[PDB]
Every structure is written in C-alpha cells, then in structure tokens.
Amino acid sequence: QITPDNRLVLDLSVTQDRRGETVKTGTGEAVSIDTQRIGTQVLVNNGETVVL
Amino acid sequence: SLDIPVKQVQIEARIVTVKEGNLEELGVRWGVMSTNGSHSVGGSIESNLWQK
C-alpha cells in the first residue's frame, strides 16, 4: 500500500521449508517438515532495506 | 483525524541455559582359596567342592 509521504505499508509472509525425516505414526510412517517462517506488517521508506 | 502514521517496535527475546554434572564411583573385588589337608577355606560351597 502506497502512502503520501513516499512510504509503503507491507503485509508480509516469507517462508523457507524443506522435507525432513520420515517418522513413525501408528503402524505406519509419514514425512515430517522443517520450517522457518515470519509474518508481519511493517512500514518502510520507498527504496531502502529493513531487517524484519 | 484517524488515519495517521503509527510507530514501530523491535522486540528481542533471549533464552539462556546452563548445565553442570559430576560423578564418582569406587569398587573392590577380592577372593581367597586355601587348603590344608582335610581343611579348606573358600568363598562358597561349590568352591570348596571344586578344590577336591
């Protein structure tokens, strides 16, 4: 979303997941997942970087 | 009067854990076996029956 004084409001989701080991479930097996996730709302100037 | 820019906050958590441990054990194992002629000394009854 663009605002008047040269700024942005961002609704952000950024993830990086992978396939993990195969664990034991009941008499069966299944695959687990390894995750990294961040979700936020931030307010940042037009052409510069921020660390979330 | 409502729509105005808002502030931003930075939050940082810190989890610290420390562990220590010590262990010590002492033990002894000894035995004897002797005969004299019609006289014996051991560490069980099967022992005296064997040294014959």
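The record lists cryo-EM as the method behind this PDB entry and 2.7 Å as its resolution.

Looking up chain B in the PDB entry gives the name Type IV pilus secretin PilQ family protein, with the organism given as Vibrio cholerae. As deposited in the PDB, this entry carries the title "Single particle cryoEM structure of V. cholerae Type IV competence pilus secretin PilQ".

In the annotation of the PDB entry, chain A is listed under the name Type IV pilus secretin PilQ family protein and assigned to Vibrio cholerae.

**A word on the overall build of chain B**
A count of helices and strands for chain B gives one helix and two strands. Start at the N end of chain B and walk to the C end: the helices and strands fall as β-β-α. For chain B, the spread of C-alpha atoms along the principal axes amounts to about 115 × 15 × 10 Å. Evaluated residue by residue, chain B yields a buried proportion of 4% over its 52 residues.

**Details of a nonpolar patch on the surface**
A grouping of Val 14, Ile 38, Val 50 and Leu 52 of chain A is seen on the molecular surface, where their side chains present a nonpolar patch of about 330 Å² in accessible area. Counting through the fold element by element, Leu 52 of chain A comes out in the segment after strand 5 (37-45).

Rules behind the numbers
- Residues numbered from 1 in each chain as written, not as in the entry; some residues may be left out.
- Chains lettered and ligands numbered in written order.
- Part of a larger assembly, values for the part shown.
- Heavy atoms only, no water.
- Helix = DSSP H or I, 4+ residues; strand = E, 2+ residues; numbered from the N terminus.
- Buried < 20%, exposed > 50% of the residue type's maximum accessible area, 1.4 Å probe, protein only.
- Patch = residues over 30% accessible without salt bridge, like charges linked within 9 Å, V, L, I, M, F, W, Y side chains within 5 Å.
- Areas by Shrake-Rupley, 256 points an atom, 1.4 Å probe, with all protein chains shown as cover.
- Salt bridge = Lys/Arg side-chain N within 4 Å of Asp/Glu carboxyl O.

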